[PDB]
Amino acid sequence: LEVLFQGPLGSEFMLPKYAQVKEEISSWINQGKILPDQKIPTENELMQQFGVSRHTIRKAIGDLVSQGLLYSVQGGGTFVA
Amino acid sequence: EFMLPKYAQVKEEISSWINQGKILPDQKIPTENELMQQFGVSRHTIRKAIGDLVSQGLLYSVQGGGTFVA
DNA sequence: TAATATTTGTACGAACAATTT
DNA sequence: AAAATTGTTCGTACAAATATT
Ligand SMILES: [Ca+2]
């Protein structure tokens, strides 16, 4: 269960939840916590662990895929590029 | 097959506009409300299409302003 | 000058399809 | 044959920024 800094975008440090989830996952990648063609946790596991909606998980992942450090296979899972 | 998902088709149409020069750079495309009434699809679908095209460098957006040809 | 309306942004939920396990 | 997992598509409610009255 990873924690959100969530509250008060009104001043400075606040990021949207999808951006925070994004930072975590990406930090997992280059820190080598998961290597290329290794599977990351399912959208459902991510939902529970970050305490956010599937929509928010899919946005975070959708972005990282488009950056090209993840790739997805429908029905298979999502993997470090 | 010739089938493409709805967001891909909205994507195609908008793109064609751009490269046929029906909207030039720094020029505005229809709003999301207009795009959805014209394609008869959801705001979500419209936002998905536009998001992809921003991500590929074809468009930029300004919250509260609108969306524009890059 | 200040309210209001308009428009894009983030974030929750729902149901079903398509593909893989 | 079923179950699990990602894909598409609809919906609702506010927040935040800009553009209009
Ligand atoms: Ca406006």
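Below, chain A is the first sequence line, B the second, and so on; all start at residue 1. Hydrogens, waters and symmetry mates play no part in the numbers below; they use all other heavy atoms, side chains included.
Using the sign of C1'-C2'-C3'-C4' as the criterion, D:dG7 falls on the south side of the pucker cycle. Using the sign of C1'-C2'-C3'-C4' as the criterion, D:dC14 is classed as a south pucker.
Taking every heavy atom of residues 31-50 of chain B and every atom of DNA chain C, pairs under 4.0 Å involve B:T31, B:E32, B:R43, B:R47, by number. A heavy atom lying under 4.0 Å from DNA chain C marks the following residues of residues 63-70 of chain B, by number: B:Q63, B:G64, B:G66, B:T67. The stretch residues 16-23 of chain A does not touch DNA chain D, since none of its heavy atoms comes less than 4.0 Å from the strand.
Heavy-atom minimum distance, B:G57 versus B:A70: O-CB, 3.6 Å.
No side-chain heavy atom of A:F5 sits under 4.5 Å from any side-chain heavy atom of A:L15. At a threshold of 4.5 Å between non-hydrogen side-chain atoms, the residues B:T45 and B:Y7 count as touching. B:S16 is listed as a side-chain neighbour of B:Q20, based on a closest heavy-atom distance under 4.5 Å. Two residues are said to be in side-chain contact when any heavy atoms from C-beta on lie closer than 4.5 Å; A:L46 and A:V21 fail this criterion. Between A:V52 and A:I57, the closest side-chain pair of non-hydrogen atoms falls below 4.5 Å. Here the side chains of B:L59 and B:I18 are in contact, with some heavy-atom distance below 4.5 Å. The shortest side-chain heavy-atom distance between A:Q6 and A:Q20 falls under the 4.5 Å cut-off.
Shown here are the side-chain hydrogen bond (donor to acceptor under 3.5 Å, both in side chains) partners of B:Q27, two or more places apart in sequence or in another chain: there are none. For A:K22, the salt bridge (charged side-chain N to carboxylate O under 4.0 Å, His left out) partners are A:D63, not counting sequence neighbours. Remark: B:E34 pairs with B:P30, B:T31, B:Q37, B:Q38 by the side-chain contact (heavy atoms from CB on, under 4.5 Å) rule, at least two apart or across chains.
When each of C:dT8, C:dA11, D:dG7 is scored by its nearest atom to the side-chain atoms of A:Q6, the top-ranked nucleotide is C:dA11.
A:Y71 places its OH atom 18 Å from the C1' atom of D:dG7, with the value rounded to the nearest Å. Distance, B:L4 CG to D:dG7 P: 16 Å, rounded to whole Å. The CG-P distance, from B:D52 to D:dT9, rounds to 12 Å in whole Å.
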